[PDB]
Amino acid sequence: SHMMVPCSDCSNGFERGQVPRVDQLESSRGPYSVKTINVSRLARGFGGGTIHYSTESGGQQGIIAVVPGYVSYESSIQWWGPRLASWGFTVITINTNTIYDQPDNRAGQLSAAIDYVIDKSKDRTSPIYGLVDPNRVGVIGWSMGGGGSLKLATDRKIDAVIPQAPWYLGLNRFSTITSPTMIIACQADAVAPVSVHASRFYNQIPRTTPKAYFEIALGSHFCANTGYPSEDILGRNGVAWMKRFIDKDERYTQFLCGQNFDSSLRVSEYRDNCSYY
């Protein structure tokens, strides 16, 4: 076997840390200090990126890979890295092999990036040696990368998916997705119109699969990217989503359900099937 460091801040399975306040979830950082490892483009199967991780709480950490869109780089999605790592996930934000790569290719690169992290967790020279649980993985993607994230869920066992402003064209198996999926939609999107992409994909996913549709009022296609004005609230729901579905931490259902999120002028629509969480 490979050495795995126990979680030393866990109970009730993988429930890590204390229950936060909503304002803590909305903050730019959770309770843990974020460390980073640069991954060069020489990495197998993707264009490199950055591993974000924390060590205070020990191991058994879920793994998350995050991918950008067409003609875009890691910075567009990088905010998810430190945000989620600060809550006890090992998170790799990536560049793609080329910026022109299409959704199904981006799905394979998310898969490769997960596997890269797993491989490093078995490498005695890596800071993340023994830190991760290869059995608990999630993905996040923007635009064509969001399409890729949904595609990957149909090809690999994925514990949680966050497609943001997703774009996908053609035949798909989204009608069979069993991974808990939180779609972030940008209301005014002219690149991946929600009526064609995000909303349709949400509606396809099985009723028994936990899901959410978080639509940012007036948002452009870029509305969920690094530095945009909804990092606070998108990150609140995203951290809760990954806690609930990667860590199986049911203390976090309260942050996702019964909230009437679209009462805020910032949120044009919120859908969920909370009765199936």
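The first residue of the sequence shown is number 1, and the count goes up from there.
Peer 1: Mean CA temperature factor from the deposited coordinates, higher in 41 to 49 or in 236 to 244?
Peer 2: Higher mean C-alpha B-factor in the PDB entry: 41 to 49.
Peer 1: With respect to the recorded C-alpha B factors, which stretch has the higher mean value, 100 to 108 or 118 to 126?
Peer 2: Taking the mean C-alpha B-factor of 100 to 108 and of 118 to 126, the larger value falls to 118 to 126.
Peer 1: Out of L171, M144, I94, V137, whose C-alpha atom has the biggest B factor in the entry?
Peer 2: Checking the PDB record, the top C-alpha B-factor among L171, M144, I94, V137 is at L171.
Peer 1: Taking the C-alpha B-factors as the PDB entry records them, is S76 in the lowest, middle or highest third of its chain?
Peer 2: For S76, whose C-alpha B-factor we compare with every modelled residue in the chain, the answer is the lowest third.
Peer 1: Can you work out whether the C-alpha temperature factor of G62 puts it in the lowest, middle or highest third of the chain?
Peer 2: Its C-alpha B-factor belongs to the lowest third of this chain's values.
Peer 1: Can you tell me whether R251 has a C-alpha B-factor in the lowest, middle or highest third compared with the other modelled residues of the same chain?
Peer 2: Ranked within chain, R251 CA B lands in the highest tercile.
Peer 1: Using the B-factors in the PDB entry, rank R29's C-alpha atom against the chain and give the third, lowest, middle or highest.
Peer 2: Highest third.
Peer 1: C-alpha B factor of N225, ranked within the chain: lowest, middle or highest third?
Peer 2: CA B-factor rank for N225: lowest third.
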